[PDB]
Amino acid sequence: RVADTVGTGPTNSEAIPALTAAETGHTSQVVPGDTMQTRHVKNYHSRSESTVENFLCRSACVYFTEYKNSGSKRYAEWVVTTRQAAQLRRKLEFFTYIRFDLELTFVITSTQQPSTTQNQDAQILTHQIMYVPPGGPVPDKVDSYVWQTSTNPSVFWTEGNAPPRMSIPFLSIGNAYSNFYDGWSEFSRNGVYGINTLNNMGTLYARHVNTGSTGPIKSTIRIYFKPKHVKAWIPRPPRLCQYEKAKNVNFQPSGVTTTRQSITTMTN
Amino acid sequence: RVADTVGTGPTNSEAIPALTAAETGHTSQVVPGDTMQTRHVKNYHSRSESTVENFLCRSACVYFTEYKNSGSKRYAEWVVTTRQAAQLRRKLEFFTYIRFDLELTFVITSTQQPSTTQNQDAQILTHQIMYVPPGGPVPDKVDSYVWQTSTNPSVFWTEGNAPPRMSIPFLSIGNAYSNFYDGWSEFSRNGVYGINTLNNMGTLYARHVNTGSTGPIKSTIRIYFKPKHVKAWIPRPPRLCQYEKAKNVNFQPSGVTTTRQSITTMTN
Amino acid sequence: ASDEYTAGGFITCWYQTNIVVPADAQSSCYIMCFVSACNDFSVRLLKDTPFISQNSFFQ
Amino acid sequence: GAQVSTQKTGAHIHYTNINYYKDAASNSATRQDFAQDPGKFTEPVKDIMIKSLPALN
Amino acid sequence: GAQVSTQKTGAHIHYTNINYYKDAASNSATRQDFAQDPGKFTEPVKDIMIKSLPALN
Amino acid sequence: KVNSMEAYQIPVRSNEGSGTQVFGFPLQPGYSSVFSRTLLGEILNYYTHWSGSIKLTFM
Amino acid sequence: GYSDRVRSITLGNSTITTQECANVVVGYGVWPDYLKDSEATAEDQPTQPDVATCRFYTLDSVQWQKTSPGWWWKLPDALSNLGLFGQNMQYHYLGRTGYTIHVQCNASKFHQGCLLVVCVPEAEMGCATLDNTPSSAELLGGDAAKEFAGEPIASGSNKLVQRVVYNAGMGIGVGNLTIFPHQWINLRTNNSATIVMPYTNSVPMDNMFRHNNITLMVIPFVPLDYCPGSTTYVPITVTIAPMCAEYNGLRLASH
Amino acid sequence: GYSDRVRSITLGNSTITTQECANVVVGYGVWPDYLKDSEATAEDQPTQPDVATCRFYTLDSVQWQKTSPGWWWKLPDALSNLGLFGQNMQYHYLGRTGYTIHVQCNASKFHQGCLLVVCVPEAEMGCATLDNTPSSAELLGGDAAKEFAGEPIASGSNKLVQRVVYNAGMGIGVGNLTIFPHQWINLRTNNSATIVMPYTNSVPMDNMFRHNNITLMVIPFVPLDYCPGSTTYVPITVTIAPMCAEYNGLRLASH
Ligand SMILES: CCCCCCCCCCCCCCCC(=O)O
Ligand SMILES: CCCCCCCCCCCCCCCC(=O)O
């Protein structure tokens, strides 16, 4: 609950709250009462919306890819990593160390591709989503034994009903998801540099179980991340400069802020 | 519960309930018993239907818009405001100050547009509805990063199942939804005048997630408002004159009531 | 966001008397300013920020 | 933690209600609040005026 | 084995929650943890500095 | 001045008069260009509403 | 009694005295402490000298001119070539320590200026070219202060770090750097700045050579000014003292 | 603990901070207080805002040169054209208030000088010519500081006030002005002067327009001196705050 102001009356004392020393590195907490007379106003406002859990707990689309029922690309492959979407990456970059569980929803939408094949009879498409942890086998082809998934987790979904959704625990060899890593892979100090060192989260594949019809059909899958039970450590300043690459923090230098007319202008 | 009449018998007293003074501004509450003999009739009738909650708690369609899978208009934009539908606006105008929560249901219906493209294979259309609060980004195009919705609320809906529905709390910087505002925006007294001053509720966009087929498909979305936990203050007289604009109360003068033959006619 | 119905006010700083210096000392100085919130700050209605944008998925 | 209340039936039977969502703005519409006070709009005068009395003595 | 808790409503009603999955990572997001401690970022100095005092005596 | 460290400095010099103005800006933390890139502003640009006091520390 | 501007600090066999200093800032409210038994992961016995490892090492001094943009230091790298702390972090595999940072810049009553001393944890820095990443010889300078730049670095292919000052190299507003533990040395009042950073990392222990946690940054917000007649060479000195240092995994010398 | 040179004063919505100030002088030992019921004579109800009326109004500043004789202000007249105090004393007939006087003149360590700030009650002033009396446009200057004169004013017929400084205009030795509540602002130590004058008058309430009780006088006993290289424009500011102000006799606007 938000604090409430306390009523105050005219004062004339040597001690002065307003005058302090900002060189100490201390934020001087001054109630409006110190610099002017105030009346007792109770505050019934709450800080409920601000909490880290309510700020980060909203579904956001990390990446979307496409696959075709018949054609050169029959299966889709994506290395599961964040930093591909600016909206979520910026929100996560606020804290150096983060630790959260995750909820994943897959919005799969199909569409017909233009062709010349006649006598089309569309049938309910079925989509299989598979997750390969770092080290497992890779389906070099859309039809391969790897798709048996004797151990890997997978989800099958027929088109027409509610989207798939699963919950994922905190998968990390450390004690927190590091967002920034100022170091190299080799102790030699030569090699991969940056956060891409700590990205070994696996890969996610998707395919069509059954060929829908004779005419070509293209399906696009979108992946949504929902942080749950989130904990944040070491707060950091907000980005400011637009992102360029998804493997590092390389950027182009940009002005501190938008300019105005003069130093006494009240309008942008 | 409705009150019941009390039995009365012939009287001959100086005090007279019927004669009063209407200049005082007081409604003389006279039971039928005062002006004639009455018998004791118990009333089991109830005023349950009249209550403000039961009067305003019925779904009503505020606005409907259209978007096309392929074509110039691929996304729909609507500033969320009331006063576009006469049936609900008239009901709300009864009270100067209103305060209610809201339930929103979106009836999305698609249809095929006439064309010449052959070999059509229709696929389940998916519709995304997004709400941008006042200040957020705007999707200048149907395909844009804004549609990631990292913070904004959104709903995805595949065609074929029950319609979407969400509940919205009381969003207002004041303590009540003002229905009438006799003032300007500028303290200069020149500028926007009327209720349009207090309408900053945001915007609502909608789009097709996946192109359904080769042939053009047009979809229309209707929005329904359902007030919940409603409170009303300062009752007002009913409209009478038909509405003209959705930004003010400008009207064309109309007769008090429909006329009749004479002052002693019993028929319209 | 900007709205004339909820205008904030104006913060202005004015010279009270002067800035006097002794001999052999610079007569042009600088002042810095920090902004912070009081114990009674609150925020509501989370929305997307209009600052960050992406043309395509970074890769 | 269920709430049992009475149903609106004719004159001259309990129903059950459980809240599932934790926002307190998702509850069903409260329809049974049959309370009134017509003293604000009718008879709003400062000095009480009894029914059978010369309103202006 | 149900858990009854309070709803987040305005100022100036209990809701029910039951866990069905046995992994403890499938529970709903805990949204009501309104606890704070701004002493770590603001006023982090070693020696306490009272408000109305010459910060540097 | 926004492309150097001179944006955070407010100039003040020994004048020949008194009562002149040093600086001024509107109270728009989530909108004005002055408070847009401050931590307070960066936090405010995520939420539609705001309320409370403000503390300007001048050094 | 006494005043708050005077402070003395003793560590190992070294002492630091200041007569015009502000209040010490102690990290995020945590004083550095040894690794508890309910948090460790290495089953080997650790070594803790706590005297040779923990002491005030004085680094090289840099000159503060009227057109100096700022300097940055890496705490694990700077002390890697100085004393037994360097020898130990070199002969071991895992290390853990907190640090005490003291910055000394003194000027008379007729000088003016202001410095920001900030300890940024995990300061990943962007390269000048988007495709390449910075090299190990450009990012960290052993017992050397890497200076910043007033104008943007060229975008031509290179392994140079983006040294533009109004972005701090990490791509942020230099104004919002305050969120981290920081001190202000204004030549009007303060003559020194003290910071006490605990061990901030996402693991119990990490290798010092391939991971530099904290990056001290000194930024002159308000430039230095004076009139002819005053001394123009005003240096800046930085003394770093390790605290509660321990190690694990004794291995053959590695450099 | 703390020192006595630092003071903060809050009134209404205004605040005054001083870091090199002497002890406040409180009139003749009486803090201003409202009119008690055993002393009033007007049978009407009084109006007391106590927020808009009571606050620090800052007047116009005057320059202190090497050849400045002094300045005088009338407390009722100076604030007559500033804020609701001016509007109220204009719409009423009887007014009553005490005043807090703050004078601000700051100089470096290399300047020298001394000012006398004295609140003279009932300061009737002699005209330049014996037959005539001073006019209303020469005696009081609304929100303006009337300066004195180093040499005697001409005795030719006129309505000019005798502005000679070594007689203070009232025909007294400027040396004996000390009897009244007074403060010394020496640029060697003091930078500000605070005075608290209660309501001193021979009646419970009096009309402000036709009677100015207190006349603030600033007299530079020791002139200002400096060497070439220091700033030559050293101003003087005066802030007046009403206290315990009340009024009676609401009447149509009168000016
Ligand atoms: C049908 C597949 C189900 C399982 C899919 C799991 C994919 C996500 C794995 C965990 C990723 C957690 C986030 C890592 C990136 C980060 O923390 O920045
Ligand atoms: C998927 C979008 C979900 C959210 C949509 C919210 C749209 C409605 C916002 C609140 C409007 C309340 C009514 C304001 C107008 C009035 O009171 O007259």
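A, B, ... follow the sequence lines: proteins, then strands. Residue 1 opens every chain. Whatever order the structure lists ligands and atoms in, that order sets their numbers, starting from 1. Because only heavy atoms are used, hydrogens play no part in the values below, and waters and symmetry mates are left out as well, while side chains stay in.
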Practice item. Output every pair passing salt bridge (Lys or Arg N to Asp or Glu O under 4.0 Å) with a member in residues 162-182 of chain A, not counting sequence neighbours, ordered by first then second residue. Key: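 As it turns out, the salt bridge (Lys or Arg N to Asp or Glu O under 4.0 Å) pairs with a partner in residues 162-182 of chain A, which skip direct neighbours, are A:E103-A:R165, A:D182-G:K74.
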Check your understanding: What class does the angle between the rings of C:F57 and A:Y63 fall in, given that below 30° is parallel, 30 to 60° is tilted and above 60° is perpendicular?
Key ->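 Plane angle between 30° and 60°, so tilted.
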Exercise for review: Evaluate the ring planes of B:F94 and B:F55, with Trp represented by its six-membered ring, and classify them as parallel (under 30°), tilted (30 to 60°) or perpendicular (over 60°).
Suggested key: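 Perpendicular: the ring planes of B:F94 and B:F55 meet at over 60°.
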Exercise for review: Mark yes or no: A:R236 above the aromatic ring of A:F180, with NZ or CZ under 6.0 Å from the six-membered ring centre and no more than 45 degrees from the axis.
Suggested key: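 Verdict for A:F180: a cation-pi partner in A:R236.
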Pairs of nitrogen or oxygen atoms, one from ligand 2 and one from the protein, closer than 3.5 Å: please tabulate them with distances.
from, atom 1, to, atom 2, distance (Å)
ligand 2, 18 (O), B:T82, OG1, 3.2

Exercise for review: Can you run down the side-chain hydrogen bond (donor to acceptor under 3.5 Å, both in side chains) pairs that involve residues 166-175 of chain B, sequence neighbours left out, and say none if there aren't any?
Suggested key: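 Counting only pairs at least two positions apart or across chains, the side-chain hydrogen bond (donor to acceptor under 3.5 Å, both in side chains) contacts touching residues 166-175 of chain B are B:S167-B:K228.
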Identify every side-chain donor-acceptor pair in residues 139-151 of chain A under 3.5 Å, counting partners at least two apart or on other chains, and give the distances.
from, atom 1, to, atom 2, distance (Å)
A:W147, NE1, A:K141, O, 3.2
A:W147, NE1, A:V142, O, 2.9

